[PDB]
Structure formats: structure tokens, C-alpha cells
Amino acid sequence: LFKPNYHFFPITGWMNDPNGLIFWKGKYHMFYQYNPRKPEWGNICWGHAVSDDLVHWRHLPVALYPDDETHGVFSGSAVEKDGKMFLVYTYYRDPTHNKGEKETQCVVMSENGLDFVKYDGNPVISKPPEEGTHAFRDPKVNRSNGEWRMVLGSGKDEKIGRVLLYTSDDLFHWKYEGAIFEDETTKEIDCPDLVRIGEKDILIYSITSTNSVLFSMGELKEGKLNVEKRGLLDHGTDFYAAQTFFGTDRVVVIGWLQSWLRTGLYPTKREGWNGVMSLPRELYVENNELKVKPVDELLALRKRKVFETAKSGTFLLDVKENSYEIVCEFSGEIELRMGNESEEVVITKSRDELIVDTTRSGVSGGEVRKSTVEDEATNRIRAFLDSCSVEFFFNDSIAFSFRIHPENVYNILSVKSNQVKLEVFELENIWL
């Protein structure tokens, strides 16, 4: 029932954060937090997959293992140096009765993308820079002004979450440059990512207590991110631990398509697996605003046009599974429902608000989420339905991602608006 047709998910066991995202030697590499042993978190390794086109994933052998039963290979990033692939990651030691957990930052190298060797000088960063630092992890490394820069997530005095910055000329010797950013609404920050998009420094980061990916855009000046604008990267319930790819022109982000808060509510563990990755999105700046849209490569998934209409109504779709894309252009207000006789997801544009309701979606129920949006002459929704998810994209500007678990095919579509142009495309199964 719930195995995705065109999203990445593990062949068995548990998966969370996307790691080591890199375009290397002509192919997109994606690693991930992985426990093959069972559909729950534990004994974490880095799984590995590859695609030519950000869509057609193929599983590779597990890339990184912990050395023993009391450690984990926590999240991190990937870069290219001297033609070789380097992975930079947090190595985690379990707490014991006398000791708290210990986190260090380490480096691994690969000349072929298949075999990975450990740097002899590990750990590359052996301890936190200040006292009272906890959750010291998730190194995201990029190039800036002739130098390597690393951002790390952290928490200070069990009170305020901060992003720490280190620099390096060679990827092995790092210098602490202070806390560039803090968010007082959380005790810790996960999975930071500092990118540059058109004259602007953008800090992407995750907060575990609301399970949200936020951003702060502005200018790094004198060791501090001067924030001009703030927001969410995604407005739904299931988008977490976002990371962007190294080595591409566009900024391309993938997130974990799941929530820590709602993990115990989901049914895939019965099938022997847990965890799904989001579709990739391009992040870009237009009119001094950060915008999110689906990557262009997703168009290749479109097989045959199952349905189309230029008027409102309720329609039976000729689809045999939950694997399709709704493309909908409209003016004014809209109500779009997708579902069957027992289940539905509803998205409504009511005045200056976009609202999504997955409470009736399937066997994990759901929630209601909303965002205020700018009016346009013509609006556009793209909705990607797969076996256990729906991702909505609006005006190439914002995204809402939700995990849903329908017991049956969503073969009924209802639209109510003026000036509607709606199409449905079957989406290809990438596996078989």
C-alpha cells in the first residue's frame, strides 16, 4: 500500500535526515541517516543512493558505519576538493550512567563514490567552543571567499538554540568564528545550512519542538547574521532537517518528509520500514523574497494525462494508484478536494489565506495548516500525490508538505473556482 512510487525511501528499516547532498562526477549523490536493523531510530549509519537527474534514484551499498554498538554516524554534508568527494559529519557516542553524550566532527574521503576511507586525524573538531554547549552537531560545509565555512547546530545553557561558524583552508584544521545566529523560541537548532543566493546570505535551519524548517535572510557582517527577512521553508506538518546540494548552480533542497512529533502515529513500520524524502525544491530570490518551487527535473515523471478540465465540478479519475500530479491554474478563491468515498485532503484559497486540511486523509488522520499569501491575477497550485504523502506548491513561492496514509486510491477530484484550468498526470514509478 504505502511504498512510494517516485519518492526515495529505504529498502528496509528506518531513515531520517538527508546527508551529504552533492553533485559529483555528473551524478546527484544523496546519503541519509539509516538503521537497516528495524523501522525505529538507532545504531545510525549513512545509507547511500544516486541519480542522474534528481529523480531516478538507485540504491548503493551503505557508505558509513559506526565503529561499534555504542556510537552513531549523525548528520552532515559533502564537498568536492581536488576531484575527490569528502563527507563531513558528527560522530556520536551514547551516554552512559556517568557520562553525557559526546559529539565530535569528522571527515571521510572517496575517490570513486563507492568506497569511503576515514581521515587519520579524526576528529577534525574534538569539542565545543564554549561551555554549556549541547546538541553540537550537523556540520554543513561550503565555499566562501577563498575558504571553507562550516555551520553547526547547537544549544546554549539549555535555553537558546544557536548556529556556530568555523572556517578552514584545508577541511582538516578549523577556527571558531562565534555564534552567527540565535533563535530564542527553541532550546536547540538542528541541521543548519548557510547559502548565498543573489547578494544575500540565507541561513536555513530546523527546530525540533515544532518540527519546522525556518530561514533567516540578510547579510553576514562582523560575525553576525543581520536579518532582513524571516520565514518558513515549508508550511506543512512533515518537512524537517532540510539540506542543500553542494556543487550545483541552483540551490536545491531536500528534506525529510516526516515529523518526529507524529512518527508514532504512522503505519509504515508494519511493512518493515519508516521514512521518506521530500521531492527536491529549487530555492531562489525574486523581488527581495525567498521563494520555493519544484525542481525542473520532476517534469520527466509525467507519463500520460489522465484528466483535464476548464470548469468546476466533481470528477472520477482514471487512475489505478496514488501516484499523480494535479496542475491547477485559477483566479480568485478556490476549493480543491482530492480523495475517495471515505477519505479526502482539501486545499482552499479563502481571500488572502491558503489552507490545507488532511484530518480526513487516511489511517494516520492529519491536521489543518495555513499561510497568508499575496494575491496574483492568476494563481497556480501543483499537488504531488504519492502512496503516503502530498506536497502542495503555490505560485512558485511556497510549499506545504504532509504525510498521509490513504487506505484506497484518491480517484475523486472536486474543484470549485472561476477561470479554472486543471490537469492530472500519472507519475512514473521510478523503481520498476
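The numbering used is simple: start at 1 and walk along the sequence shown.
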- Query: According to the deposited model, is the average Cα temperature factor higher in 95 to 103 or in 108 to 116?
  - Reply: 95 to 103
- Item | Comparing 247 to 255 with 352 to 360, the one whose average Cα B-factor in the PDB entry is higher | 352 to 360
- Message: For the CA B factor values reported in this entry, which option in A377, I398, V62, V50 has the top one?
- Response: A377
- Select one of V409, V424, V415, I22: the residue whose C-alpha shows the highest B-factor in the crystal structure entry. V415
- Should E271 be placed in the lowest, middle or highest third of its chain by the C-alpha B factor in the entry? middle
- Message: Ranking every modelled residue in this chain by its Cα temperature factor as given in the entry, which third contains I180?
- Response: highest
- Query: For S75, does the deposited CA B-factor place it in the lowest, middle or highest third of the chain?
  - Reply: lowest
- Task: Sort the modelled residues of this chain by their C-alpha B factor and say whether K370 lands in the lowest, middle or highest third.
- Result: highest
- Query: Which third of the chain does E344 land in by C-alpha B-factor: lowest, middle or highest?
  - Reply: middle
